[PDB]
Amino acid sequence: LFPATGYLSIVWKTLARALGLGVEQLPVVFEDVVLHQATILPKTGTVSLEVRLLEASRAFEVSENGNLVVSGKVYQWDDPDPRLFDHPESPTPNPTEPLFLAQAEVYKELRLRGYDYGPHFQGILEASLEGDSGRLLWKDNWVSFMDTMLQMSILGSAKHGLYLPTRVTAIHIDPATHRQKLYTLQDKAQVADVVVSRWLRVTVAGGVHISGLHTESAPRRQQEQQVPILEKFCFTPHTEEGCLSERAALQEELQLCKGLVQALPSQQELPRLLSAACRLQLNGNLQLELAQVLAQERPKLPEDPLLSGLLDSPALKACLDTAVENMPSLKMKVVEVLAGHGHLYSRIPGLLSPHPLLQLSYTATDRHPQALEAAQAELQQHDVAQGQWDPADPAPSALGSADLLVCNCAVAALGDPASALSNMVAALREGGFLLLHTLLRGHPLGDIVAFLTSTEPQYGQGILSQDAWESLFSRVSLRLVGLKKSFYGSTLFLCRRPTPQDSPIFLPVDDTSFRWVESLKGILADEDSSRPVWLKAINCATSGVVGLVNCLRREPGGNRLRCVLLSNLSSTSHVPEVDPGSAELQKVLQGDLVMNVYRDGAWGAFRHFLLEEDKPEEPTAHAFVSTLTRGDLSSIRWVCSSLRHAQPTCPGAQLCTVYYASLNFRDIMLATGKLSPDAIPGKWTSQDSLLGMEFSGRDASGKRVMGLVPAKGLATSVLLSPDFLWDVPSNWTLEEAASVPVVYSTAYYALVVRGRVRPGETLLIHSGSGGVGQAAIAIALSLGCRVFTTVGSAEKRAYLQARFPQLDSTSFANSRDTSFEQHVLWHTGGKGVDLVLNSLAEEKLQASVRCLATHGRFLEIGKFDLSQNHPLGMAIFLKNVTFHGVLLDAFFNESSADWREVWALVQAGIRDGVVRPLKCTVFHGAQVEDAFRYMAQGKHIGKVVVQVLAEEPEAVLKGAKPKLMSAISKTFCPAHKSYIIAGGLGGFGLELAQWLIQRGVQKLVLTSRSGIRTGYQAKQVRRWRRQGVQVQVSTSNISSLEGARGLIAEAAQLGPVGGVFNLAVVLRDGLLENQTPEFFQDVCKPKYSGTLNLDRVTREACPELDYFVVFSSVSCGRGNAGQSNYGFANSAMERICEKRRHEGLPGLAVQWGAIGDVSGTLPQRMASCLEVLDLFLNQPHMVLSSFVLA
Amino acid sequence: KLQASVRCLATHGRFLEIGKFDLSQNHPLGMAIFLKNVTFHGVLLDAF
Ligand SMILES: NC(=O)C1=CN([C@@H]2O[C@H](COP(=O)(O)OP(=O)(O)OC[C@H]3O[C@@H](n4cnc5c(N)ncnc54)[C@H](OP(=O)(O)O)[C@@H]3O)[C@@H](O)[C@H]2O)C=CC1
Ligand SMILES: NC(=O)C1=CN([C@@H]2O[C@H](COP(=O)(O)OP(=O)(O)OC[C@H]3O[C@@H](n4cnc5c(N)ncnc54)[C@H](OP(=O)(O)O)[C@@H]3O)[C@@H](O)[C@H]2O)C=CC1
């Protein structure tokens, strides 16, 4: 975006040229600068900005493509006053804080906010913590300097979000005093001192003086935001059976197929084929007639759920990951046989996308060129190649040796099992894999397919018994590493070509001293030897050997690494013996898999799976409507509410159940995104919903009440001060009462309190149909005034006429047009109207002002003109006119003593009968989006209310609890509980702490060996303490068990322990040869030992704990080079977390690819990281991962 | 100087104008001030 200071600079240069002076010779003054729009500089091309000056009026105007962009007033400064640039009195006389933000931290904070400034705009050398005074650079560029001024001004604002300048009351520039003020540091760099005075709304530095700067929140909505890949790190046995048993549709399909088979109906292709086969004849069915039939000639059998059920199940992903893992290289070569019918080419490439560094060379082969001729576009979109090899014959040299083979024999027909397997194993490289999908004979579905397809013997041959397949594998000297089996007899074979037998090394890796590193370091050094090196740990289930091998394999010589781990999550589970003579070790050796993990009577390895896309939901009593995507009504959905944790004792609390909640224009503007949430007065969390202003429901005591709330009133419960509650009259209905509060309260405040309306006066009430208009009309007629009202349409006119008989046909006008001015002036004899209640647009507003009579009073309740700061000719005040700015939002913040006046007025109106409920259209809670759309259309008359809960016949109900309801899950914390973040003063720790506080923690303990030693840390800590949070700094190591106990105890003082997070990390990078046992001890001490100490102490004395999060890294699992110790520590942490959950205790381990704001994966922005952390916290899996693919 | 006076106002403030120069000249007045609850009064004893 083009900086506003850029506009100022170009205007200044234009004025200097017009006067003939040079820029540095011309002290200029700006006034009433206004930025109507922001210009976006394109990457390629140029944008022309045109500046026109009106010398007579001292006005300028910048335009682009004939569109106004900037306007204001500019003129030469006749008599510069050096007194002007003297630094103002400091708002805080004595900060007395040696700490101060440096350049890096300043722009780190600004990046967190959303500002991304490059080197040329990084002009702030330092800034005081409060952000009031600092030092700026002077690179001889004016635009950079003034933009740095604006940056300094923005740095102090507590409000979050992205704010940009919109108006500047006045700017003074004096190059001479600027040159005088500049002074040099020790370096040759030139600097100037800046001072910001929020009290006087003035920013002064060098020879510049900005006053009255006004910044307006930007939407801050960027398209094409990063989309992280979410996965769950789950254990996976090598062999499984009944994989798809959970699915019902598959079972129903099986029932249908067997039913047709019985005695020799659905949309699925296979049941349709069976029905066709049985249709022609009940007995003696022709093989030809059943083989061919319309709606079956297509290769839609694979599309049948039964046949391709396993492929859709994760088993395919597990097998593919297993194949990829045991690759000496980082590149994979895969070939598909009979691809025309297999169609795996359309599926396999998609599954391997998550791997960041993997490079794939896929090639599809078929018996005949015409087969697979179709879908050539599908092949083209992927990196695949055509093929002609027919498996029966020996493989062509072109394919040669490939890492992996995929067959999909279940649908494709194989000429002969033995011959095809021989050809394949010939094609398969040494140590490669053969993925084979087939249907097992002797199973119900197997027998059913055997009865069918008898016409083609080749397919019949493909169907074989499980033991037959196993025997076939042995004959071709192929070893079955793993097997996946469906519940209906389908299966998925994964076989590996044996590698030349070699004597394997054995190295215990369970020593706590890490001295085994030297032993391993020596062995790997002997790169000449090709003997595989088998690391095996059996002493501890928490050994993180998995991460170690994952990292080591990348480093040179890592090809020889192979792991064997025994981790049982149940003590009762026995431990197999891994002695060389023991059978199990020999079996795993024959398999020759990199990862061999045994857990509770099963051999397997950890795998990555994409987790469910759906957002978790739970049944809750407290939930509030929210828009998950700002500006989209389609996203409106219910979310869990923080009200679950609340104190009923407090008299100010007065928690109330919600039955009907109304919608107002403000709610639509918020949902539509036309109104920024920050525009709502008050201190609001960044993540929250500000929908709904009024409601009506039963109090905690059951008494029916209607209430008014600043926001969050559209929910199943509201926390409200009793001052904002009225008792519903016995004759009203809770639905009716849902409309009275806001409209009547604002009408009374506008007329009686401010306008001081007297009986017999004259009024002009715009938008009579609207709720506020109806309330105002009802109030006025009671006094006995004469009313003029404007209505958009004829039906609204008729409705108002019916509702208010006293009102007359001459009391109407047209609102959408500006013709009412003539009508009012004519029917009033030209005198005008005493009182005006205006809520219309700029031109309508100007028209209304002319309607005022002498001693008139203008009541303004709109916002558009006020926000835009449109001018108002003051000549109207020559009469005794009084202009009122009426905002009801002020009461919710202060002046409650004043608010009681309006409360009494509304109560008196209610009891006297003046107050009448408006017409209501009811939408059920589940249809809230429909209500929003209907009100957005603008055809509604009266109010739109959402029936959150139906009213009971009883007048007063003892238990007013809301009915349980299902909504999206969110994370909130009780106020009384205490939370601990180990190493919370790091880059991630502080951001996580802030995120938690926004969830209402109120009691925090941050651990760090060094303690507060940076300006940013001190700034954040003091900011939090100002909000009332009880922050604490420990400096107690979690590595030492005594240290962990002390940390927990001191945390308990603030209150019961709620959650503990382990973000402590010390890293010592370097290749294995460089690593030494000391570095491993140092790296694992805060992460491995600390986690064990925290687990022990928490399980000992933290009964109320519910959150136990341990931050791991993607390097573990995925693998990375030169970070073996890091991977080991992370893997150990993950193992501890996995064990904890098995016992019912809470525990979580998160793997982050990279953090940007504070291995082929781009750094992830902090906002996305926190969102994903919330989602993870709400999920039940033991370990989760997140990263952004390059 | 009139513009300077407007800025000094606080929320719920009231502005009482008794000078008749700017009013007669019909000089502009930014309406953004009214966002803060504010009542701009045009005082003229002459009416009585
Ligand atoms: N103290 C304060 O600052 C407060 C201010 N207010 C203001 O009161 C005003 C009136 O609110 P209220 O009458 O309850 O609003 P409603 O939406 O209930 O009524 C809107 C009225 O104005 C017109 N209108 C407004 N918005 C739309 C729209 N999106 N689509 C179609 N027609 C629309 C309608 O047509 P038509 O007019 O043509 O018949 C209708 O008469 C608002 O401007 C609000 O900001 C309210 C309370 C507090
Ligand atoms: N890209 C990333 O940053 C990624 C982060 N992670 C993990 O996420 C977490 C957050 O990392 P992040 O905060 O960015 O990194 P930091 O390096 O900033 O975290 C280390 C912090 O912990 C403190 N600390 C060190 N030892 C201890 C100890 N024994 N007890 C208490 N505090 C201690 C350090 O202070 P001091 O040195 O003075 O003790 C420092 O403040 C870490 O667990 C990290 O491993 C993993 C994946 C990606």
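Structure determination for this entry is recorded as cryo-EM, at 3.2 Å resolution.

*Asks:* Before we move on, could you go through the site of ligand 1 and cite the residues and values that matter?
*Replies:* Residues and elements named next belong to chain A. Near ligand 1, the surroundings consist of 19 residues, among which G770, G771, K796, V886 and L888 are the closest. Between ligand 1 and the protein, one listed contact pairs an oxygen atom with a side-chain N or O atom of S767 at 3.0 Å. At a separation of 2.9 Å, a nitrogen atom of ligand 1 approaches a polar backbone atom of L888. Computed on the free molecule, ligand 1 has an accessible area of 910 Å², of which 79% lies beneath the protein chains in the complex.

*Asks:* Can you break down the interface of chain B and chain A residue by residue, with the values?
*Replies:* In this complex, chain B contributes 25 residues to the contact, which on the side of chain A involves 30 residues. For the pair chain B and chain A, the summed buried surface comes to about 2,400 Å²; carbon and sulfur atoms form 63% of the total. Of all residues in chain B, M31, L35 and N37 of chain B bury the most surface against chain A, accounting for 27% of the area lost on that side. Here chain B and chain A share 0 salt bridges between them. There are 14 residue pairs in polar contact connecting chain B and chain A. Per element, the largest residue contribution to the side of chain B that touches chain A is 5 residues, and it comes from strand 2 (residues 38-42) of chain B. Looking at the side of chain B that touches chain A residue by residue, the class counts come to 13 nonpolar, 9 polar and 3 charged. Judged from the 3 bridges that link them, strand 41 (residues 882-885) of chain A and strand 2 of chain B form a sheet pairing that is antiparallel. Across the sheet, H884 of chain A pairs through a bridge with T39 of chain B, a residue of strand 2 of chain B.

*Asks:* Can you lay out a positive patch on the surface for me, pointing to particular residues and giving the numbers?
*Replies:* Together, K159, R198, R201 and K683 of chain A line one region of the surface with positive charge. Along the chain, the position of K159 of chain A falls in the loop between helix 3 (142-155) and strand 8 (163-173).

*Asks:* Quick one: what's the story with the environment of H827 of chain A, residue by residue and with numbers?
*Replies:* Mapping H827 of chain A onto the fold places it in helix 25 (residues 820-827). Remark: the alpha-carbon pair of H827 of chain A and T810 of chain A, spanning 17 residues in sequence, is separated by 7.9 Å.

*Asks:* Which residues make up the sheet that holds strand 37 (residues 786-791) of chain A, and what values do they have?
*Replies:* The strand order across the open sheet formed by 8 strands is 38(A)-37(A)-36(A)-39(A)-40(A)-41(A)-2(B)-1(B), and the pairing between neighbours is mixed. Edge positions in the sheet fall to strand 38 (812-814) of chain A together with strand 1 (13-17) of chain B, since each of these pairs with one other strand and no more. Sheet twist, expressed as the average angle between the axes of neighbouring strands with direction ignored, equals 15°. Where strand 1 of chain B lies against strand 2 of chain B, 5 bridges are found, and the strand directions are parallel. Bridging from a neighbouring strand, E17 of chain B pairs with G42 of chain B of strand 2 of chain B. Running at roughly 160° to strand 38 of chain A, helix 24 (residues 794-803) of chain A makes contact with strand 37 and strand 38 of chain A of the sheet. Against the sheet, helix 25 of chain A touches strand 36 (762-766), strand 37, strand 38 and strand 39 (833-838) of chain A, its axis set at about 165° to strand 37 of chain A.

Reading the values: the criteria
All residue numbers refer to a per-chain count from 1 along the written sequence rather than necessarily to the numbering of the entry. Residues that lack coordinates are not shown. To read the labels, note that chains go from A and ligands from 1, taken in the order they are written. What is shown is a subset of a larger assembly, and the numbers refer only to that subset. The side-chain values count all of the structure's non-hydrogen atoms but skip hydrogen atoms and water molecules. We call a residue near a molecule or strand when any one of its heavy atoms sits within 4 Å of it. Here a polar contact is taken to be a pair of N or O atoms separated by no more than 3.5 Å, where protein atoms must pair a possible hydrogen donor with a possible acceptor and residues adjacent in sequence count only if both atoms sit in side chains. Note that accessible areas follow from Shrake-Rupley with a 1.4 Å probe, and for residues the cover is restricted to the protein chains shown. We call two residues in contact whenever any of their non-hydrogen atoms come within 4.5 Å of each other. Using a 1.4 Å probe, buried area is obtained as the accessible area two parts lose upon being combined, added over both of them. Salt-bridge detection follows one rule: a side-chain nitrogen of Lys or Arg within 4 Å of a carboxyl oxygen of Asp or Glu. Note on conventions: DSSP H or I runs of at least 4 residues are helices, E runs of at least 2 residues are strands, and numbering of each starts at the N terminus. For this classification, the nonpolar set comprises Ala, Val, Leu, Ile, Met, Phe, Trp, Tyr, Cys and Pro, the charged set comprises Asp, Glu, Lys and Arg, and every other residue, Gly included, is treated as polar. Two strands qualify as a pair provided that DSSP identifies no fewer than 2 bridges between them. A residue counts toward a patch only above 30% relative accessible area and without a salt bridge, and it is joined to like-charged neighbours within 9 Å or, for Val, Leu, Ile, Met, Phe, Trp and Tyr, to nonpolar neighbours within 5 Å. In this count, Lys and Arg are taken as positive residues and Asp and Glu as negative ones, while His and the chain termini are left out. Think of each charge as sitting on NZ of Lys, CZ of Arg, CG of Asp or CD of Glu. Note on definitions: angles span 0 to 180 degrees between N-to-C directions of axes, and those axes are lines fitted to C-alpha atoms, for helices only across the stretch in contact.

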